[PDB]
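For the record, the sequence lines run as chains D, B, A and C. If you count the first sequence from 1, position 305 lands on 309 in PDB author numbering, and the numbers rise without skipping. If you count the second sequence from 1, position 222 lands on 226 in PDB author numbering, and the numbers rise without skipping. If you count the third sequence from 1, position 114 lands on 118 in PDB author numbering, and the numbers rise without skipping. If you count the fourth sequence from 1, position 369 lands on 373 in PDB author numbering, and the numbers rise without skipping. By construction, the Cβ of each residue, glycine as well, lies at the ideal position given by its N, Cα and C atoms. Have a look at the structure below, then the notes.
Number of protein chains: 4
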Amino acid sequence: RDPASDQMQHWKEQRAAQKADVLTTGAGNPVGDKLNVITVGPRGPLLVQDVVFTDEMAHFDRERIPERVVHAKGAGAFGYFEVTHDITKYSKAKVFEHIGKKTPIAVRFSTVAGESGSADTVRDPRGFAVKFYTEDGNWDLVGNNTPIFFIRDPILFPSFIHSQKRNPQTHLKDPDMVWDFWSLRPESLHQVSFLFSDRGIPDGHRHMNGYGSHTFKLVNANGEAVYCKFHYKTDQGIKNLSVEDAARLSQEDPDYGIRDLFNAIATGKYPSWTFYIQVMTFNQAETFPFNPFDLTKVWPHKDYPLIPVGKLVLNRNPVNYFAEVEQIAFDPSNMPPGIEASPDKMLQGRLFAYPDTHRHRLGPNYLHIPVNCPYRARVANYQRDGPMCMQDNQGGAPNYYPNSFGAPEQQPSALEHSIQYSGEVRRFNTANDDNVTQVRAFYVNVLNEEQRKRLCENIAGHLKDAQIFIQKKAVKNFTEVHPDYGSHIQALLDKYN
Amino acid sequence: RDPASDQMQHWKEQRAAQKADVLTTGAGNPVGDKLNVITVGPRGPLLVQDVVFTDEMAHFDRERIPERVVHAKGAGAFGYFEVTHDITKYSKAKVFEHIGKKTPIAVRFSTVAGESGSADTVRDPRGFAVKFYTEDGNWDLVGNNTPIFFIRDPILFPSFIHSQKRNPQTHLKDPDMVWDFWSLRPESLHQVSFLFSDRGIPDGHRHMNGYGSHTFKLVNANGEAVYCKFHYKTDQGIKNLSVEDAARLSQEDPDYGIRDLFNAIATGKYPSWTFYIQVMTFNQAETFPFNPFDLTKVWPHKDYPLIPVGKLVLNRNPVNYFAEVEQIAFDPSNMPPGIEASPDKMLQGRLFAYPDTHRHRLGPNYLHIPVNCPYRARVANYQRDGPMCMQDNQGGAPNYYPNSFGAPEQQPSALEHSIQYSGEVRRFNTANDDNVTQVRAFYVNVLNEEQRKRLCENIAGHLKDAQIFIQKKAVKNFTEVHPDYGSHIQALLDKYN
Amino acid sequence: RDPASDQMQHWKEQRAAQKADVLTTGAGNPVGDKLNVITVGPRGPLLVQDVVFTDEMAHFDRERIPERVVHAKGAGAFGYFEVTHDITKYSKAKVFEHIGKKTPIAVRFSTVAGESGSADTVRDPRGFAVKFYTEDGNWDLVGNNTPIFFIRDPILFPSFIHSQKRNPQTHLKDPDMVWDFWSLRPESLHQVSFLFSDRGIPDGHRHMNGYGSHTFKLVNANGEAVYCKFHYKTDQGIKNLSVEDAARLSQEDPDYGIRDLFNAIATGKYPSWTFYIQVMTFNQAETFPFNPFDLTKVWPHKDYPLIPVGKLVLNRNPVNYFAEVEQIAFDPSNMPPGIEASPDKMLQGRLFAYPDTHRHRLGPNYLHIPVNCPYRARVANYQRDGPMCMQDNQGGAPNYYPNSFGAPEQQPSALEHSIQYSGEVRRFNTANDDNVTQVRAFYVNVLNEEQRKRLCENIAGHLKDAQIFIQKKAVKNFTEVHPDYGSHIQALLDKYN
Amino acid sequence: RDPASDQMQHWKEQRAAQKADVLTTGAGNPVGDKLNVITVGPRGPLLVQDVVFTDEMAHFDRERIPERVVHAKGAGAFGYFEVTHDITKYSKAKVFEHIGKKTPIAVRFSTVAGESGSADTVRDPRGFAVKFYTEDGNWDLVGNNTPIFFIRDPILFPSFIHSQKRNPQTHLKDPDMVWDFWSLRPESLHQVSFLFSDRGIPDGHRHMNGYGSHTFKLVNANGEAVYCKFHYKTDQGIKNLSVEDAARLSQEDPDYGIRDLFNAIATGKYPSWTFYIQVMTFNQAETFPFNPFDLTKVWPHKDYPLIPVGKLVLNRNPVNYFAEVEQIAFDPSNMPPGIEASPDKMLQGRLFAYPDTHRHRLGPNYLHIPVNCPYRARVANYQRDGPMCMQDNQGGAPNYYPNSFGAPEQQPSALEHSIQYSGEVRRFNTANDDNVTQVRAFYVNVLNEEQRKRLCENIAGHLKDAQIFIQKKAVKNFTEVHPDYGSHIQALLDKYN
Ligand code: HEM
């Protein structure tokens, strides 16, 4: 059998030649018997003094924590990030200090809309989150398998996710909801085209690219700032499942990506991604034809070539899935000195959203969870007492700042990069921005004829379930992108009806 | 389209001719705009004073509650229970007071081992829980589609569920775990035979029987006690999917049972179950060949014929799934006067387990949730303050008992039925009880030849993945049940290998 | 006896002539007996089937919620806000629509640093929070008995509260911590002078003023904006306890303020506060000698006279303290149209802090708690599912925006007031701002000689416990305010040593 | 100053000669500045990208956990238990293995009815809980400063605590509630007499005795069982405060016991208690004049002399109070092999109540908290996944039992002691048991004349506030105990009225 199937036999084999441990309660008291319960004779009612029973059962009753509101279904792996090129001129980050520096990483792959127990091989954006354990605290590059997203304003994210997920009454997937939202929000045409292309259903997690998707800000030691986009492209090469194969695997193995990643790492075939960046100066940002902080836009490779930085290798499988993969938390706000946020509205929304949801899901002290701890750095601050605190709680150190007792002091070299912003403080409309230019470019330059046909059949296959007026509004947006794109979808929809 | 697909259009149509409501915050403050966020000009960072954004997002971040540790994937419906026969001689329950009495009910169907988002049409025991809103508080008949269970001692339940669910390292379904547990626990042969028969994969929730599965105690007004088993058999008739059809539906519609029940109720075809009971006297219980409180045994129909009581009709679909189906809590401990627990160890374990898990999942005051409230009864007691209390908290009534201020008094007519139990208070072994007699009876009397062949191919198909020694231990147990049963499985396993 | 002592007798008297209600479980099942537990004979162990016991006990085990991180000890009352003057030229708020309009209010009085069960009559700032149930959602004026605060930057608030509260090792009140923080932060001199004056220990909650303390922004129907400060001064007149009387009452009645407010409302003597405002134009704000958004500064009455608006009357006592006072949540972010936030950094910090802590303390759906609900307004939005949801969860309404099914639409008349802000986006130092001018004014104009002497003895009495260097740093700050102020404290400290 | 006051200076002195640590976020990212917030210029609104602010504040908002439902106000200390005598004939416990064996202990002192921040020096039963870190898991002797309690049935405990605590409407202490409950429950006369004697207000925690109060069961290696009562009497001698001194200290130092214990341990004066036991055979238990498992009765010293076992010494103060004292959990169910529960109904109720409340207060995985961990024992079991899990979660070990992969096995030598119990399974009344015999004995043998007078004045002083009929019912119970006892109280009450 494959290494995944032989987990228990491998556990037994690695622990051969030693006697079984003593079965104990949570409090370490040895258990006399855990196959029978205390009764008033052979056919008597259960006793309260059955402390072993009530302890076991009570713990069983509290096993489930809340699933992630998005990217619930996931697969986890560990490894390192190796620097191969010098980008010290761009960033002063300790992760990019010198060439050959290895930083340990934790990675989680996921499907955005799928719940815990849903099929892996489905058409959906794939999450690609990376946690760098840097000497200057954790760095969380929370990325996707796509360089863009559907929307450009973070207030629409809850709406988008509600439309992608189940109907509130019927609890069913509603193409009506999906295509109503997408037809009303035409800035999603670019991401929709990517999603319904061949790379919508990647063959496992090893054969997909990864993108930060946001514009980030790199600051050097001299104090100069530039703009960045992180790319981590697969070294195993892009490889995708057909709709028929994906449909087969959905019933055959709904845990295809978990099994594929576990077997790949277990057999020694360590998957690797090459870390690239694009650089954009402040004058280039001001003279960019589009909004350079727009999440629905990309930076063309001819104007902004990829600059190699390093490689990401995954070599270690999780020991316990719940402890290392279910409980791992990725905060985009976790950025070390040299890396900062850009004015990208979406990124600004993510800075709040993640720590808030982590306090709900995992708990107030979720950063004390071993996988979440910045173990390669020293934490010292005036943050004290919360529920489930598993540290000394910084012992008897003064818990107020400023003080006169040598408590932790602020480091002035870790200040943020200052910038002057113009205009009023109000709500600016971005729905009426360019929605079709880069979509047309992708359609008529990147895709070939058979790829365009497959794209149109995939969209038409999903969109046929929506109401007539929603189909018309969707096809109108596809026609405004390109007339052949719209006409082909419309022809297929007419065939389907 | 089907009624399920037209949920939004039906919502719009029923609310036609009125203007859209004002979009407000949680605190009822009208929202100016919820499509854009407040920025420092068109390309500026997000402001903290964007209260609308942070409120929406914070609520979005806290949407997920923990799924049920078991029976996570479920479908909900509402209706009534109509009494058709007089059983007042057996029980003094207000639910069975007089003929033609309608008690409102809430029902939830489920798959035991499936997570939220797993396929509906899979081989697994189906949950069939019924909540009777009786005038003497709620009655929760938390039943299955099978009259028996796998185990007879409640301390093994967490072990059984862990074996049925994912591997702790790989997070994959492990036939190794499933068949190791089943082979080591041969009292599961009866339930295994039922599970791998044709009724393992019922065609939706309308074409399956329901059983309390436990022995219950009926007490009449005179104070005499008897033993009972609740049966609720389908009026639509038993109907099952083939393995191939089930495998197809798993990828086609993973929400087959939710869609089927919603469409059935929406179109007017109300499904119904006929409520039966078996009665066993205390002398019959003492002279029963087996343990009558053994959950792996049934009461034969020739010795204990079914006595009709009433019918269960489901006529109303849930308005909101989360509010009415996700948050519904069924406590087997919720039993009105006239219905009591028997010495069945499993039932004794369920009396503790359910209220404990409900306090974790839903919260301390989960009985204040509308679907969980005993709205057809008056609650008055000395239970006060907890988190998320949405009552007057019983106002200014004395909160101690006994008192001298006319606070709620105990009703002496609601006392439990007293019984003398013999033997020591210790752990009695029940693993070595009869495990094969009723299994043989079922195999060679109920099933025909083609049903026996399908049963053997289904078991062999699942068991082939297990290690050789586990296959041998499983086949040995099947051989001890019946030599043809064991030999046929072994022949198919040899073919598979 | 006083009305407070006769609560139970009054309950009995108002419910005379009716029989005691039936004692039930949470699930409404009548209790047979709740004075004895089920045992295996007279001297036998307790049974698990004692469902009544385990239900009662389990609810008892979950009674405590987390106390407020600050203002834990509190007293609650209800009444109304009556408009007496027209300020429609300043604000378009429905609370200020027309003269004679009564809005129901909920008020909570509190001590900032005291825990639940601490003494009422102690030297500490008193909280004065008011919840207006306006037709445009709830308005929460979360005020103090002082027009200023200790600090002017919200990042120092956790530090300030940690210094005021117990030592992390010893769990004792530490004057060392208090005076170290106050000596290092000399912008606290103004609030310290107010706190150690006669009005530090007010005689109950009826004899103290209330202030919003922040600069707020009033917007009229025409769209013009001004700046505001809310004052609500006592109609019963300012009245204070001596240090000796306060020290006596601390042991005699630690619940002096709760008893005083309950008896005052119960006997019919309804306390009232007169609602005033100060108005500041944008040109006046730009030409103000100090920062007009500085929380440590006041607006002088000669330059900015008080403008009457209405009166606050408290007429109803809480029915249940836990339900109505412990669980009440005041969000400064809850502001109806016509009232907005100013650039006051402290207010900006409060906009985030309160909803975040409420989700922790009370729970995600804390606005479903009756006292927190905006019951005089209609809530409709795309916020769905959370723990402990006790609404229809907005039934089957579309849960995404924008949509095409007539779901709640944004009201364009409720937009925020736009303003252009100059300067870079960075951290600006405000520690070096004016700290002594208004403190000197208060010392040498408002206070008389005997009031100055009492102020100095109160400060010296508290400060004597601190280390010598902290005493020197504190006295230096008092000397920089005024030489007589510093010299008198120093003389008293030398006497104490 | 005393060592308690010099905590911060001692921290500074022990960490002298090293530079202050770098101020970091929770994620270990160095903080640039934590005195100012990011604004849009000097007088601009706060930015969302202020990650340092929102992290600090969010953690501050989640500092409070629920206080203990009882014994909220507490003081903690650590040390060891040294065996001085051989009791191996009675118990096979590893804590009592051999003479001179030192087991580390954690102790918490407390006041039963006081909230967090209430006065220490008040008339109330004092908690005396001891956590033995035995090699066979933790042993929690959760005791009081009194050998008895008020009630003998655990279903009345929530009622008793509600009566002792605040009124549900007024939130005030109600002598009406206290004396109504005590007058209706005359089995409290013994504990009431002890409480209103001189030992009601002990001088700190070092000058009070400690009792298990329950009958426990000692089992030896041979398998013989006896009954036990644990006594731990002070080596510093019994010492009490007068009512006047206690009333003074209530305002002077409400944290008298915390300061006293901290200073005692800090100066080197380690307090010690001598561990005694009483032994009762099964024949003696059957021929005892009273119920030997009755919590309101004692075992007379003449019939059952004290047998020395060892001494309890407290030598170490807590480093952090929240981590070591607030979060410590004592489970009476935590009993190592050789120590078991008796049929005492109260003890049976405590076996359920404590683990249930700990899961609410601290969380499901509260035994992972360092102070709660059985660090001197190895925990291995099939308890997996819960919220806030900070272990490997037992890695990849099989999570079901029984199994075939060498997972932890049950130890047959740790079985419970079996006993045959007679009588029916129902609710037996114990309210009508003897309530006056041992109370009379205590009154007329132990107390002298001036002690009897003080006892009567203390009761009369508290009882005068109750209604006339409650005073009559209380005095009647005191008269039934002894006519002089009743007559003296009545005379003082008549004087008070
Ligand atoms: C940066 C500044 C401040 C922060 C971070 C802050 C934070 C908090 C927090 C977390 C609470 C607990 C609320 C709960 O859990 O129920 C609270 C309560 C309170 N705060 Fe503040 N606060 C600030 C400034 C002020 C100011 C300036 C005032 C008055 C002028 C004030 C008055 C109050 C009052 C009255 C309460 C109690 C509310 C109640 O009755 O429930 N606070 N504050």
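Item, Value
"Residue from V223/A, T58/A, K38/A whose Cα sits closest to the Cα of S337/B", "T58/A"
"7 Å Cβ cutoff, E413/C in contact with chain D", "yes"
"Short-range partners of chain C found in the stretch 179-205 of chain B, where Cβ spacing is below 7 Å", "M181, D184, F185, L188"
"Closest by C-alpha distance to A79/D, when choosing among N449/D, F164/D, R210/D, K105/D", "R210/D"
"Chain-ordered neighbours of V116/B on chain C, where CB pairs are closer than 7 Å", "Going along chain C, no residue has its Cβ under 7 Å from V116/B, so there is no contact; the nearest lies around 15 Å."
"C-beta atoms of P378/A and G141/A nearer than 7 Å", "yes"
"Distance, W143/D Cα to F136/C Cα", "42 Å"
"Whether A117/A touches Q173/A by CB criterion (7 Å)", "no"
"Where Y386/C meets chain B, residues with beta-carbon distance less than 9 Å", "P162, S163, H166"
"Amino acids of chain B, ordered along the chain, whose beta-carbon sits closer than 9 Å to that of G227/C", "The contacting residues do not exist; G227/C stays about 13 Å from chain B at best."
"Distance cut-off 6 Å: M350/A Cβ against heavy atoms of the ligand HEM", "yes"
"Exposed unless 16 or more other CB atoms sit within 10 angstroms - verdict on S9/B", "buried"
"Under 8 Å by beta carbon: chain D residues contacting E67/C", "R388, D389, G390"
"Selection of the stretch 299-327 of chain D by Cβ proximity to chain C, strictly under 7 Å", "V323, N324, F326, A327"
"Sufficient close CB pairs (3 or more, under 8 Å) joining the stretch 453-472 of chain B to the stretch 198-205 of chain B", "yes"
"Beta-carbon contacts of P34/D that lie in its chain and below 6 Å, excluding the five residues immediately before and after", "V26, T28"
"Cβ-Cβ distance between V429/B and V56/D below 7 Å", "no"
"Pairwise C-alpha distance: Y236/C and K243/C", "15 Å"
"From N452/D, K16/D, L497/D, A418/D, residue whose alpha carbon lies closest to that of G342/D", "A418/D"
"8 Å contact criterion, which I159/A and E60/C should meet: CB distance rounded", "7 Å"
"Any non-hydrogen atom of the ligand HEM within 6 Å of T361/A CB", "yes"
"Cβ-Cβ distance between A123/D and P206/D below 7 Å", "no"
"Beta-carbon proximity of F356/B to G314/B, cut-off 7 Å", "no"
"Beta-ladder partner(s) of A327/B, from DSSP", "For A327/B, which the question treats as bridged, DSSP gives no partner whatsoever."
"Segment contact flag, the stretch 399-407 of chain B with the stretch 59-73 of chain A, C-beta cutoff 8 Å, min 3 pairs", "no"
"Cβ pair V283/A, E328/A closer than 7 Å", "no"
"Other residues of its chain near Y260/D: CB distance less than 6 Å, five sequence neighbours each side excluded", "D124, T125, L253"
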